[PDB]
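**Student:** Encoded as structure tokens, here's the structure I'll be asking about.
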Amino acid sequence: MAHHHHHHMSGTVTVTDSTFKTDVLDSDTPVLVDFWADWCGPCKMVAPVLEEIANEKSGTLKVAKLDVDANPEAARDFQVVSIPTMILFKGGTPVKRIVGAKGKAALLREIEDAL
């Protein structure tokens with residue numbers, strides 16, 4: 001029976017729903033979740049633009065993603081009409097929400113401006 005693992009070390013990782021309340025909820029940090037495709041089309045465009053905000057933000061936060069194609073129920077559950085959707089959580093709660101495939105600048109404004 002192996003308990004310890006070497007997966008947590010991995011930076012960007014998708015957090016399951018059952019583990020969400022164990023990771024997000026538990027942790028008291030701003031969880032950046034993105035509800036888009038399986039990561040290929042849009043992710044390729046929102047790859048750098050997203051990394052920028054993270055690089056400037058800090059190196060502690062966590063970036064979670066989910067493939068809508070596989071988890072379509074989760075989309076509608078959180079009102080998701082567009083593919084490039086994102087929700088800025090904080091302590092297991094949707095404090096902010098941003099949607100749209102734009103540059104780091106704009107994407108960054110959608111947050112602060114929304115705050």
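Positions of Cβ are backbone-derived with ideal geometry, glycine not excepted, and every protein chain shown enters the neighbour counts. What follows is calculated from the coordinates using simple rules that are stated; it is not laboratory data.
**Student:** Under the Karplus relation 6.51 cos²θ - 1.76 cosθ + 1.60, θ = phi - 60°, what is the ordered set of whole-Hz ³J(HN,Hα) values for the stretch 57-72, x standing for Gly and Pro?
**Tutor:** Residue by residue, the stretch 57-72 yields 4, 4, x, 10, 3, 10, 10, 9, 9, 9, 7, 4, 3, 8, 10, x Hz.
**Student:** Cβ under 14 Å from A75's Cβ, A75 left aside: what net charge do those residues give with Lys, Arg +1 and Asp, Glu -1?
**Tutor:** Numbers: positive: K65, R76, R97; negative: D17, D34, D38, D67, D69, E73, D77.
Cβ neighbours under 14 Å give a net charge of -4.
**Student:** Within a Cβ distance under 15 Å of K102, other residues only, what is the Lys/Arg minus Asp/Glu net charge? Write down the numbers at each step before the final one.
**Tutor:** Numbers: positive: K44, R97, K104, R109; negative: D34, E51, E52, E110, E112, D113.
Counting the neighbours of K102, the net charge comes to -2.
**Student:** Taking H placed 1.01 Å from N in the peptide plane, check which residues at least 5 places from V15 or on another chain put their amide H under 5 Å from its amide H.
**Tutor:** Amide H to amide H, under 5 Å and 5 or more residues apart or across chains, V15 pairs with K65.
**Student:** Are any of the pairs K57/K104; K44/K90; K57/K96; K44/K96; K62/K96 more than 19 Å apart by Cα-Cα distance, and if so, which? Don't skip to the end; give the middle numbers.
**Tutor:** Working: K57/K104 12 Å; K44/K90 26 Å; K57/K96 16 Å; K44/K96 23 Å; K62/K96 15 Å.
Over 19 Å Cα-Cα: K44/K90; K44/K96.
**Student:** While we're looking at this one, here's another question. Add +1 for every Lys or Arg and -1 for every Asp or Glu among the other residues with Cβ under 14 Å from the Cβ of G91, and state the total.
**Tutor:** Net charge around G91: +1.
**Student:** Give the calculated FRET efficiency between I111 and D77 to the nearest 0.05, with a Förster radius of 25 Å applied to their Cβ-Cβ distance.
**Tutor:** Values: r = 22 Å, r/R0 = 0.87.
Computed FRET efficiency for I111 and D77 comes out at 0.70.
**Student:** While we're on this one: Express as a percent, rounded to the nearest 5, the fraction of DSSP beta bridges in the chain (both residues included) that run antiparallel.
**Tutor:** Working: 9 of 15 bridges.
Antiparallel: roughly 60 percent of the beta bridges in the chain.
**Student:** Something else: Tell me, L107, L115 in order of fewest to most beta-carbon neighbours within 10 Å? Please report the intermediate quantities before stating the final value.
**Tutor:** Numbers: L107 20, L115 8.
Final ranking by Cβ density, sparse to dense: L115, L107.
**Student:** Then there's this: Per q in 0.11, 0.13, 0.18, 0.21 Å⁻¹, report the Debye log10 I(q)/I(0) for the chain, using one uniform scatterer on each alpha carbon and no solvent.
**Tutor:** Here the Debye-derived log intensity ratios amount to -0.35, -0.49, -0.97, -1.33.
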